[PDB]
């Protein structure tokens, strides 16, 4: 057990075989569920006290809820005795995700009154994937009508666009936001026997043209269809997130680029015991930009089964954040980034996006 760590990499990777979460993951689920009013998964209502207490910026709440939801789906697969709890939490995740506090930036920015009708794939990609994971975990048809409606909007918008995929803000295309939307089509197809996922091949061909640097195994920050502009910086957090989700749909795609991604961005230090991730090229600084390169690489390492890099990144991320378990509930005194407990939770439990797609019924 390296210093400041709560459990071994071996323990996190063995959770599924043992059909039990580690005590520190159970303590994270207690933070998420235990205390009246202030725990994030206390109620379906439009209360965001848990996010106010952690100082989550408004624009990031949608990602907070989504990453918690993706983690809860893996908890359901790990421990059958926690599947009902995971289902309950996903029900709350979907309700909170639909509150105006979460999507309202779309209206305040002047882009429209309806966050699903067009564009805004950042928000509605996550919502659509969450509808699907909720139904895979619980077998409940509570959101089926909404799920079918949003899936058809995403399919129709892909069919209408001359580029493969959907924009976020108008004229802003991000590969990582698209990767969530495409994965949501795979989940819908698993539930209903449809073929919405057939659009995936053209998308994977499109993002391998001007959106990737194939030598570095790295995606450019964004694409802008009106001007044809690709922003000339590569992004580690963008790439780590995209390759993790793509691995669930086309494993060979992520396997091809993963080693080049690591060469481009990953700095091993402290005699092989630790790693930290550079956000872009032409710098020695770790975790610049949004500051999430290391945390998303931790998720990618888990998705790809790379125990060594997982261990190195968690040795960098967790100890300085000063975890403590008080009354069987996990707190970090010094979270090192946005989405800190969310992304460490997700990476600790993640079963692979492929395994979530094949989740047995309840």
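Definition used throughout: the rigid core is the maximal C-alpha set that superposes within 1.5 Å between two forms. Numbering follows the first chain given and starts at 1.
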Outlying stretch relative to shown form, 165 to 173 versus 242 to 250 in 4 other deposited structures of this protein, C-alpha RMS (core): 165 to 173
Given 127 to 135 and 190 to 198, the range whose Cα B-factors average higher in the PDB entry: 190 to 198
Of 320 to 328 and 57 to 65, the stretch whose C-alpha atoms average the higher B-factor in the entry: 320 to 328
Residue of maximum C-alpha B factor among 104, 289, 170, 71, per deposited coordinates: 170
B-factor third for the C-alpha atom of residue 266 within its chain: middle
Third of the chain, ranked by Cα B-factor, where residue 113 sits: middle
Third of chain Cα B-factors occupied by residue 40: lowest
Residue 203, C-alpha B-factor rank within chain (lowest, middle or highest third): middle
Residue 90 CA temperature factor, ranked by third within the chain: lowest
